[PDB]
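See below for work_11.txt, which holds compact mmCIF, C-alpha atoms and all ligand atoms.
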# COMPACT_ATOMS: atom_id res chain seq x y z
CA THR A 1 -4.86 17.12 -11.65
CA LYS A 2 -6.28 13.62 -12.01
CA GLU A 3 -5.82 13.24 -8.25
CA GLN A 4 -7.74 16.42 -7.47
CA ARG A 5 -10.49 15.04 -9.69
CA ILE A 6 -10.68 11.80 -7.73
CA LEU A 7 -10.57 13.51 -4.33
CA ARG A 8 -13.32 15.95 -5.33
CA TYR A 9 -15.41 13.14 -6.81
CA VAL A 10 -15.28 11.35 -3.47
CA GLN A 11 -16.12 14.52 -1.49
CA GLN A 12 -19.26 14.87 -3.60
CA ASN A 13 -20.36 11.24 -4.01
CA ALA A 14 -19.17 9.43 -0.89
CA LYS A 15 -20.44 9.52 2.68
CA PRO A 16 -18.05 11.10 5.23
CA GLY A 17 -16.79 8.78 7.96
CA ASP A 18 -17.62 5.76 5.79
CA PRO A 19 -14.46 4.09 4.43
CA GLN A 20 -16.51 1.74 2.24
CA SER A 21 -18.20 4.47 0.25
CA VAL A 22 -14.87 6.22 -0.09
CA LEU A 23 -13.38 3.10 -1.69
CA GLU A 24 -16.43 2.49 -3.85
CA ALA A 25 -16.57 6.00 -5.22
CA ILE A 26 -12.82 5.93 -5.89
CA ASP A 27 -13.31 2.67 -7.81
CA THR A 28 -16.39 3.81 -9.73
CA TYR A 29 -14.55 6.90 -10.94
CA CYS A 30 -11.42 5.07 -12.08
CA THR A 31 -13.48 2.32 -13.69
CA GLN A 32 -15.76 4.73 -15.53
CA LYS A 33 -13.65 7.88 -16.03
CA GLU A 34 -9.88 7.93 -15.35
CA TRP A 35 -7.71 4.89 -14.78
CA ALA A 36 -5.53 5.33 -11.69
CA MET A 37 -2.82 3.23 -10.04
CA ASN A 38 -5.00 2.36 -7.03
CA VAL A 39 -4.60 -1.26 -6.00
CA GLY A 40 -8.31 -1.47 -6.83
CA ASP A 41 -11.09 -3.72 -5.60
CA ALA A 42 -10.11 -7.18 -6.89
CA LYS A 43 -6.60 -7.13 -5.47
CA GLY A 44 -7.90 -5.04 -2.56
CA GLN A 45 -10.19 -7.89 -1.51
CA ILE A 46 -7.10 -10.06 -1.28
CA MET A 47 -5.37 -7.40 0.80
CA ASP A 48 -8.43 -7.33 3.02
CA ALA A 49 -8.21 -11.09 3.45
CA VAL A 50 -4.49 -10.93 4.33
CA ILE A 51 -5.08 -8.04 6.79
CA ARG A 52 -7.94 -9.82 8.49
CA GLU A 53 -5.73 -12.91 8.78
CA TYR A 54 -2.72 -11.34 10.47
CA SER A 55 -4.36 -8.45 12.38
CA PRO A 56 -1.16 -6.34 12.25
CA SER A 57 -0.72 -3.71 14.97
CA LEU A 58 1.68 -1.77 12.74
CA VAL A 59 1.61 -1.61 8.94
CA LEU A 60 4.05 0.26 6.69
CA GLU A 61 2.77 1.21 3.26
CA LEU A 62 5.19 2.16 0.51
CA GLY A 63 3.37 4.51 -1.85
CA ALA A 64 0.14 6.14 -0.71
CA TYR A 65 -0.88 7.97 -3.90
CA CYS A 66 -4.49 9.10 -3.29
CA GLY A 67 -4.98 7.01 -0.15
CA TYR A 68 -7.11 4.26 -1.65
CA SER A 69 -5.10 1.34 -0.17
CA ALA A 70 -4.50 3.28 3.05
CA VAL A 71 -8.26 3.64 3.38
CA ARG A 72 -8.62 0.02 2.34
CA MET A 73 -6.21 -1.17 5.04
CA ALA A 74 -6.95 1.36 7.82
CA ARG A 75 -10.63 0.47 7.99
CA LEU A 76 -9.61 -3.08 8.89
CA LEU A 77 -7.18 -1.95 11.57
CA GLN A 78 -7.89 -2.98 15.18
CA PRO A 79 -8.14 -0.34 17.90
CA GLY A 80 -4.71 1.18 18.46
CA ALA A 81 -3.26 -0.37 15.33
CA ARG A 82 -1.24 2.10 13.28
CA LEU A 83 -0.71 2.38 9.55
CA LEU A 84 2.32 4.36 8.42
CA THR A 85 2.44 5.33 4.80
CA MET A 86 5.26 6.77 2.73
CA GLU A 87 4.55 9.05 -0.22
CA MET A 88 7.31 11.08 -1.90
CA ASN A 89 5.00 13.21 -4.01
CA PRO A 90 3.85 16.13 -1.82
CA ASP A 91 0.73 16.67 -3.92
CA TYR A 92 -0.30 13.03 -3.69
CA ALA A 93 0.40 13.10 0.06
CA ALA A 94 -1.86 16.09 0.56
CA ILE A 95 -4.56 14.21 -1.37
CA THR A 96 -4.10 11.08 0.74
CA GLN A 97 -4.51 13.07 3.93
CA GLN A 98 -7.74 14.65 2.68
CA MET A 99 -9.07 11.21 1.69
CA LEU A 100 -8.21 9.69 5.10
CA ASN A 101 -9.65 12.79 6.80
CA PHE A 102 -12.85 12.23 4.84
CA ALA A 103 -12.90 8.55 5.77
CA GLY A 104 -12.54 9.41 9.46
CA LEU A 105 -9.46 7.22 9.41
CA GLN A 106 -6.92 9.98 9.96
CA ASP A 107 -6.15 8.91 13.52
CA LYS A 108 -5.14 5.38 12.52
CA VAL A 109 -2.78 6.67 9.86
CA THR A 110 0.44 8.65 9.66
CA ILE A 111 1.54 10.04 6.31
CA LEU A 112 5.29 10.33 5.88
CA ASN A 113 6.30 12.77 3.14
CA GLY A 114 9.56 11.59 1.63
CA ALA A 115 11.28 8.87 -0.38
CA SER A 116 10.99 5.40 1.12
CA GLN A 117 14.80 4.91 0.90
CA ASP A 118 15.21 8.10 2.91
CA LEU A 119 12.41 7.54 5.43
CA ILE A 120 12.94 3.84 6.24
CA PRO A 121 16.26 4.39 8.09
CA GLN A 122 14.58 6.90 10.46
CA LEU A 123 11.51 4.83 11.38
CA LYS A 124 12.70 3.60 14.75
CA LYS A 125 14.33 6.96 15.47
CA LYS A 126 11.58 9.44 14.52
CA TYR A 127 8.45 7.31 14.67
CA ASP A 128 8.92 4.96 17.67
CA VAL A 129 8.84 1.81 15.57
CA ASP A 130 10.39 -1.41 16.79
CA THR A 131 9.59 -3.86 14.03
CA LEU A 132 6.89 -4.00 11.38
CA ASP A 133 4.05 -6.47 11.51
CA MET A 134 3.21 -5.92 7.90
CA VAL A 135 4.48 -4.05 4.87
CA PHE A 136 2.54 -3.18 1.74
CA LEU A 137 4.84 -2.57 -1.25
CA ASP A 138 3.13 -0.56 -3.98
CA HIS A 139 5.50 2.21 -4.94
CA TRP A 140 7.85 2.36 -7.95
CA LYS A 141 8.57 -1.20 -8.92
CA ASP A 142 12.35 -0.84 -9.00
CA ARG A 143 12.22 0.00 -5.28
CA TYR A 144 10.61 -3.22 -4.00
CA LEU A 145 13.85 -5.22 -3.71
CA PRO A 146 16.03 -2.29 -2.54
CA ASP A 147 13.53 -1.19 0.13
CA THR A 148 13.20 -4.82 1.28
CA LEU A 149 16.97 -5.01 1.79
CA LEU A 150 16.86 -1.67 3.53
CA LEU A 151 13.95 -2.72 5.82
CA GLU A 152 15.86 -5.88 6.70
CA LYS A 153 19.09 -3.95 7.18
CA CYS A 154 17.47 -1.39 9.48
CA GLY A 155 16.07 -4.16 11.69
CA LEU A 156 12.46 -3.36 10.78
CA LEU A 157 11.45 -6.97 10.07
CA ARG A 158 10.89 -9.81 12.51
CA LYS A 159 10.01 -13.50 12.17
CA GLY A 160 6.49 -13.44 10.71
CA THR A 161 6.56 -9.95 9.34
CA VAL A 162 4.34 -10.10 6.29
CA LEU A 163 5.42 -8.36 3.07
CA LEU A 164 2.59 -7.93 0.65
CA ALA A 165 3.64 -6.71 -2.77
CA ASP A 166 1.36 -5.41 -5.51
CA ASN A 167 2.02 -5.63 -9.27
CA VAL A 168 4.47 -8.50 -9.24
CA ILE A 169 3.23 -9.55 -12.67
CA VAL A 170 2.13 -6.18 -14.11
CA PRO A 171 3.93 -3.85 -14.32
CA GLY A 172 6.03 -6.47 -12.55
CA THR A 173 8.79 -6.69 -9.97
CA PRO A 174 10.86 -9.52 -11.38
CA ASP A 175 14.02 -8.89 -9.36
CA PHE A 176 12.10 -8.60 -6.08
CA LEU A 177 10.09 -11.71 -6.89
CA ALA A 178 13.19 -13.67 -7.85
CA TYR A 179 14.85 -12.57 -4.64
CA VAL A 180 12.13 -13.39 -2.09
CA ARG A 181 11.29 -16.68 -3.74
CA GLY A 182 14.91 -17.75 -3.82
CA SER A 183 15.86 -16.55 -0.34
CA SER A 184 15.36 -18.81 2.69
CA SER A 185 14.55 -15.64 4.64
CA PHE A 186 11.17 -15.45 2.96
CA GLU A 187 8.30 -17.86 2.58
CA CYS A 188 6.28 -16.76 -0.42
CA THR A 189 2.75 -17.24 -1.70
CA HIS A 190 1.41 -15.84 -4.96
CA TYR A 191 -2.16 -14.48 -5.13
CA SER A 192 -3.21 -14.32 -8.79
CA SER A 193 -5.69 -11.58 -9.63
CA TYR A 194 -6.12 -8.78 -12.20
CA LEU A 195 -4.75 -5.32 -12.90
CA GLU A 196 -6.99 -2.62 -11.46
CA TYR A 197 -9.63 -1.50 -13.98
CA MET A 198 -8.71 -4.11 -16.74
CA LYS A 199 -8.41 -7.84 -17.84
CA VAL A 200 -4.64 -7.96 -17.50
CA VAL A 201 -3.50 -10.77 -15.19
CA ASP A 202 -1.66 -9.37 -12.20
CA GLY A 203 -0.93 -10.66 -8.71
CA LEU A 204 0.09 -9.95 -5.17
CA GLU A 205 2.98 -11.75 -3.54
CA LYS A 206 2.94 -12.45 0.17
CA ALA A 207 6.50 -12.83 1.49
CA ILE A 208 6.70 -13.74 5.16
CA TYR A 209 10.04 -13.02 6.78
CA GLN A 210 11.75 -15.96 8.50
CA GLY A 211 14.69 -14.15 10.02
CA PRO A 212 18.35 -14.23 8.87
CA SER A 213 20.36 -17.33 7.85
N1 LIG B 1 10.53 5.55 -3.43
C1 LIG B 1 9.27 6.01 -3.07
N2 LIG B 1 9.07 6.44 -1.82
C2 LIG B 1 7.84 6.89 -1.47
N3 LIG B 1 6.80 6.95 -2.27
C3 LIG B 1 7.01 6.52 -3.52
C4 LIG B 1 8.20 6.03 -3.98
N4 LIG B 1 8.13 5.66 -5.31
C5 LIG B 1 6.89 5.90 -5.66
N5 LIG B 1 6.12 6.46 -4.60
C6 LIG B 1 4.69 6.80 -4.64
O1 LIG B 1 4.08 5.51 -4.77
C7 LIG B 1 2.81 5.64 -5.40
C8 LIG B 1 2.57 4.38 -6.25
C9 LIG B 1 1.07 4.02 -6.24
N6 LIG B 1 0.91 2.80 -7.12
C10 LIG B 1 0.55 3.73 -4.81
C11 LIG B 1 -0.97 3.38 -4.86
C12 LIG B 1 -1.56 3.13 -3.45
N7 LIG B 1 -0.77 2.10 -2.69
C13 LIG B 1 -2.99 2.68 -3.55
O2 LIG B 1 -3.24 1.55 -4.08
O3 LIG B 1 -3.90 3.45 -3.10
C14 LIG B 1 2.85 6.96 -6.20
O4 LIG B 1 1.85 7.87 -5.67
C15 LIG B 1 4.30 7.44 -5.99
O5 LIG B 1 4.46 8.86 -6.01
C1 LIG B 2 2.89 4.85 -16.88
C2 LIG B 2 2.24 3.69 -16.14
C3 LIG B 2 2.52 2.44 -16.47
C4 LIG B 2 1.91 1.34 -15.77
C5 LIG B 2 1.04 1.59 -14.80
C6 LIG B 2 0.39 0.45 -14.02
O1 LIG B 2 -0.17 -0.39 -14.49
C7 LIG B 2 0.58 0.49 -12.46
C8 LIG B 2 -0.28 -0.26 -11.60
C9 LIG B 2 -0.08 -0.20 -10.22
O2 LIG B 2 -0.92 -0.93 -9.35
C10 LIG B 2 1.02 0.62 -9.64
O3 LIG B 2 1.19 0.64 -8.30
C11 LIG B 2 1.86 1.36 -10.50
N1 LIG B 2 2.93 2.15 -10.02
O4 LIG B 2 2.97 2.64 -8.70
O5 LIG B 2 3.90 2.42 -10.83
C12 LIG B 2 1.66 1.30 -11.91
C13 LIG B 2 0.75 2.92 -14.45
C14 LIG B 2 1.32 3.96 -15.10
MG MG B 3 -0.01 -1.08 -7.60
Let me see the structure of the file written as structure tokens.
Ligand SMILES: Nc1ncnc2c1ncn2[C@@H]1O[C@H](C[C@@H](N)CC[C@H](N)C(=O)O)[C@@H](O)[C@H]1O
Ligand SMILES: Cc1ccc(C(=O)c2cc(O)c(O)c([N+](=O)[O-])c2)cc1
Ligand SMILES: [Mg+2]
Amino acid sequence: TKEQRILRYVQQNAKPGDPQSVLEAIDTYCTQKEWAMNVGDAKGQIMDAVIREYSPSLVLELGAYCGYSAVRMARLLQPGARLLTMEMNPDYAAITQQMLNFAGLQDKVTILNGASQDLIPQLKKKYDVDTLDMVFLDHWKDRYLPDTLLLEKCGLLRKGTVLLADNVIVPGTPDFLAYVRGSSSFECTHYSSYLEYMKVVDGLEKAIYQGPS
């Protein structure tokens, strides 16, 4: 699989325990060989900036894929900070674990195998989560708005919870974007960038939760 290819390429070309080289090898391969839906370096640098700004103790990632953004975020996590990541594809999830294992980041991260819509309502229950400091939305684009409503519904957001959504321009999340921008429950900021491994304009939206009406 494409994802085996990427994992193996990292195992051979990256340095173990070094999250940077992991990222850089993942990027080199997808730039030069096989495009992959990693958030990539350009948008990733904006993620980095947002993570460094808010120093979340608990991040929820929707869509882990090969672990590129999990590695990207986890390396910036403070001591004791936890990243939780949801990945419904068991193959992808096994790849993500291997990547995070290789990055020495496996202790900061918990991989949840399942659909976000299924896993979100059990977060407090099974995973000892009160509320989320930060959420990275990067799974199927039709799930951004529904999983936001679900996260809100399940009491997983607090005042100042940061939602950071990838691909709000391409492939695009128009309903989500319309919703957070229009709602008083969310203060939004758009970060214009580029689709990973091409000249297509894409962006990240930061949507900070304000609490209910
Ligand atoms: N509803 C869902 N629940 C959990 N995982 C999902 C869901 N929909 C899509 N996914 C996974 O989300 C991933 C989407 C990727 N763009 C994630 C990339 C990853 N955030 C990265 O930049 O490294 C795929 O690997 C999907 O299998
Ligand atoms: C068939 C197809 C079409 C468009 C893309 C695509 O561009 C893309 C980019 C992402 O950052 C991303 O997160 C996802 N995703 O999870 O669906 C898709 C990728 C594949
Ligand atoms: Mg994406």
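Across the model, the gap from atom CA of residue A:57 to atom CA of residue A:42 is 24.0 Å.
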Between atom CA of residue A:61 and atom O1 of ligand LIG 1 (chain B) - distance in Å to one decimal: 9.2 Å
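Proximity to residue A:82 was assessed for A:192, A:210, A:45, A:55 counting only C-alpha atoms; the smallest distance is recorded for A:55.
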Neighbourhood of ligand LIG 2 (chain B) at 7 Å, counting all atoms listed in the file, reported as a PyMOL selection string: chain A and resi 37-39+138-141+166-167+170-171+195-196
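Nearest residue to residue A:136, choosing from A:86, A:103, A:149, A:81 and counting all atoms listed in the file: A:86.
We find atom CA of residue A:194 and atom CA of residue A:72 to be spaced 17.2 Å apart.
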Selection within 9 Å of ligand LIG 1 (chain B) by all atoms listed in the file, output as a PyMOL selection string: chain A and resi 36-40+44+61-72+85-93+96+112-119+136-144+147+166-167
Test item: residues at most 8 Å from stretch 127-134 of chain A, all atoms listed in the file, excluding those fewer than 2 positions along its chain, as a PDB file with C-alpha atoms, keeping the file's coordinate frame:
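What ended up in around-v4.pdb:
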ATOM      1  CA  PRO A  56      -1.160  -6.340  12.250  1.00  0.00           C
ATOM      2  CA  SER A  57      -0.720  -3.710  14.970  1.00  0.00           C
ATOM      3  CA  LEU A  58       1.680  -1.770  12.740  1.00  0.00           C
ATOM      4  CA  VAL A  59       1.610  -1.610   8.940  1.00  0.00           C
ATOM      5  CA  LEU A  60       4.050   0.260   6.690  1.00  0.00           C
ATOM      6  CA  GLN A 122      14.580   6.900  10.460  1.00  0.00           C
ATOM      7  CA  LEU A 123      11.510   4.830  11.380  1.00  0.00           C
ATOM      8  CA  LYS A 124      12.700   3.600  14.750  1.00  0.00           C
ATOM      9  CA  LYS A 125      14.330   6.960  15.470  1.00  0.00           C
ATOM     10  CA  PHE A 136       2.540  -3.180   1.740  1.00  0.00           C
ATOM     11  CA  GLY A 155      16.070  -4.160  11.690  1.00  0.00           C
ATOM     12  CA  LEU A 156      12.460  -3.360  10.780  1.00  0.00           C
ATOM     13  CA  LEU A 157      11.450  -6.970  10.070  1.00  0.00           C
ATOM     14  CA  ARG A 158      10.890  -9.810  12.510  1.00  0.00           C
ATOM     15  CA  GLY A 160       6.490 -13.440  10.710  1.00  0.00           C
ATOM     16  CA  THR A 161       6.560  -9.950   9.340  1.00  0.00           C
ATOM     17  CA  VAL A 162       4.340 -10.100   6.290  1.00  0.00           C
ATOM     18  CA  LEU A 163       5.420  -8.360   3.070  1.00  0.00           C
ATOM     19  CA  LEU A 164       2.590  -7.930   0.650  1.00  0.00           C
TER      20      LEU A 164
END
Among listed residues A:43, A:185, A:168, A:83, nearest residue A:152 (using all atoms listed in the file): A:185
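Using only C-alpha atoms for every distance, the candidate list A:206, A:159, A:52, A:199 yields A:206 as the residue closest to residue A:176.
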Which residue of A:49, A:76, A:30, A:6 approaches residue A:198 most closely, using all atoms listed in the file: A:30
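Across A:188, A:151, A:95, A:47, the tightest approach to ligand MG 3 (chain B) is made by A:47 when counting only C-alpha atoms and all ligand atoms.
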Shell of 9 Å around stretch 15-24 of chain A, all atoms listed in the file, local chain residues under 3 positions omitted, as number ranges by chain: A: 10-12, 27-29, 40-41, 68-69, 71-72, 74-75, 99-105
Taking only N, CA, C and O atoms, show stretch 82-110 of chain A of the given structure as a compact mmCIF listing (two decimals), in the first residue's frame.
# COMPACT_ATOMS: atom_id res chain seq x y z
N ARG A 82 -1.34 15.43 26.28
CA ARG A 82 -1.78 14.24 25.58
C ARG A 82 -2.42 14.60 24.24
O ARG A 82 -3.22 15.55 24.15
N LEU A 83 -2.05 13.88 23.20
CA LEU A 83 -2.77 13.95 21.95
C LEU A 83 -3.59 12.68 21.84
O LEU A 83 -3.10 11.60 22.10
N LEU A 84 -4.87 12.83 21.51
CA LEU A 84 -5.70 11.67 21.18
C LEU A 84 -6.04 11.76 19.71
O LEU A 84 -6.41 12.84 19.21
N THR A 85 -5.91 10.65 18.99
CA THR A 85 -6.21 10.74 17.58
C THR A 85 -7.14 9.62 17.12
O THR A 85 -6.98 8.45 17.48
N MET A 86 -8.14 10.00 16.34
CA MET A 86 -9.11 9.04 15.86
C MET A 86 -8.87 8.67 14.40
O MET A 86 -8.75 9.54 13.54
N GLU A 87 -8.77 7.38 14.14
CA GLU A 87 -8.57 6.89 12.78
C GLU A 87 -9.41 5.63 12.57
O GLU A 87 -9.22 4.64 13.26
N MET A 88 -10.35 5.69 11.62
CA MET A 88 -11.31 4.60 11.43
C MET A 88 -10.77 3.45 10.59
O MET A 88 -11.27 2.33 10.65
N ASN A 89 -9.76 3.75 9.79
CA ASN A 89 -9.10 2.74 8.98
C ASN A 89 -8.04 1.99 9.79
O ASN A 89 -7.03 2.56 10.19
N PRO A 90 -8.27 0.69 10.04
CA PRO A 90 -7.37 -0.06 10.92
C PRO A 90 -5.96 -0.15 10.36
O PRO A 90 -5.00 -0.19 11.13
N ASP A 91 -5.83 -0.19 9.04
CA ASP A 91 -4.53 -0.25 8.40
C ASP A 91 -3.76 1.05 8.66
O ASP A 91 -2.60 1.03 9.11
N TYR A 92 -4.42 2.17 8.39
CA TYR A 92 -3.86 3.49 8.60
C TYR A 92 -3.43 3.65 10.06
O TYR A 92 -2.38 4.22 10.36
N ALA A 93 -4.26 3.13 10.97
CA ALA A 93 -4.04 3.29 12.40
C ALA A 93 -2.81 2.51 12.86
O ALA A 93 -2.06 2.94 13.74
N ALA A 94 -2.61 1.35 12.25
CA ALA A 94 -1.43 0.56 12.52
C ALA A 94 -0.18 1.28 11.99
O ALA A 94 0.90 1.17 12.57
N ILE A 95 -0.34 2.02 10.89
CA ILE A 95 0.78 2.73 10.30
C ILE A 95 1.17 3.90 11.18
O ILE A 95 2.34 4.12 11.46
N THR A 96 0.15 4.64 11.63
CA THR A 96 0.28 5.77 12.53
C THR A 96 1.01 5.41 13.82
O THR A 96 1.87 6.15 14.29
N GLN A 97 0.65 4.27 14.39
CA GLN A 97 1.32 3.79 15.59
C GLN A 97 2.80 3.55 15.33
O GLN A 97 3.65 4.04 16.08
N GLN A 98 3.11 2.82 14.26
CA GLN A 98 4.50 2.58 13.88
C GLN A 98 5.28 3.89 13.70
O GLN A 98 6.39 4.03 14.21
N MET A 99 4.70 4.85 12.99
CA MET A 99 5.33 6.15 12.81
C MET A 99 5.63 6.83 14.16
O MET A 99 6.76 7.26 14.40
N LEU A 100 4.63 6.90 15.03
CA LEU A 100 4.78 7.53 16.35
C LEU A 100 5.75 6.76 17.24
O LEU A 100 6.48 7.36 18.05
N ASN A 101 5.75 5.44 17.11
CA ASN A 101 6.75 4.58 17.76
C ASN A 101 8.15 4.97 17.33
O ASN A 101 9.06 5.11 18.15
N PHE A 102 8.31 5.16 16.02
CA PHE A 102 9.58 5.49 15.41
C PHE A 102 10.04 6.89 15.81
O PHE A 102 11.24 7.16 15.90
N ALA A 103 9.08 7.78 16.04
CA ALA A 103 9.37 9.15 16.42
C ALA A 103 9.64 9.28 17.93
O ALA A 103 10.05 10.33 18.41
N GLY A 104 9.41 8.20 18.67
CA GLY A 104 9.60 8.21 20.11
C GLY A 104 8.51 9.02 20.78
O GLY A 104 8.65 9.47 21.92
N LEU A 105 7.41 9.19 20.06
CA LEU A 105 6.33 10.06 20.52
C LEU A 105 5.15 9.24 21.01
O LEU A 105 4.10 9.80 21.35
N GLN A 106 5.32 7.92 21.08
CA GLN A 106 4.19 7.04 21.33
C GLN A 106 3.56 7.25 22.71
O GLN A 106 2.41 6.87 22.94
N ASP A 107 4.30 7.84 23.63
CA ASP A 107 3.79 7.98 24.99
C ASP A 107 2.95 9.23 25.14
O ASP A 107 2.14 9.33 26.07
N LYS A 108 3.12 10.18 24.23
CA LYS A 108 2.30 11.39 24.22
C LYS A 108 0.98 11.17 23.51
O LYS A 108 0.07 11.99 23.62
N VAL A 109 0.88 10.07 22.78
CA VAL A 109 -0.24 9.90 21.87
C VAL A 109 -1.05 8.64 22.13
O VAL A 109 -0.50 7.58 22.41
N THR A 110 -2.37 8.76 22.03
CA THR A 110 -3.24 7.59 22.04
C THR A 110 -4.05 7.50 20.74
O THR A 110 -4.78 8.43 20.38
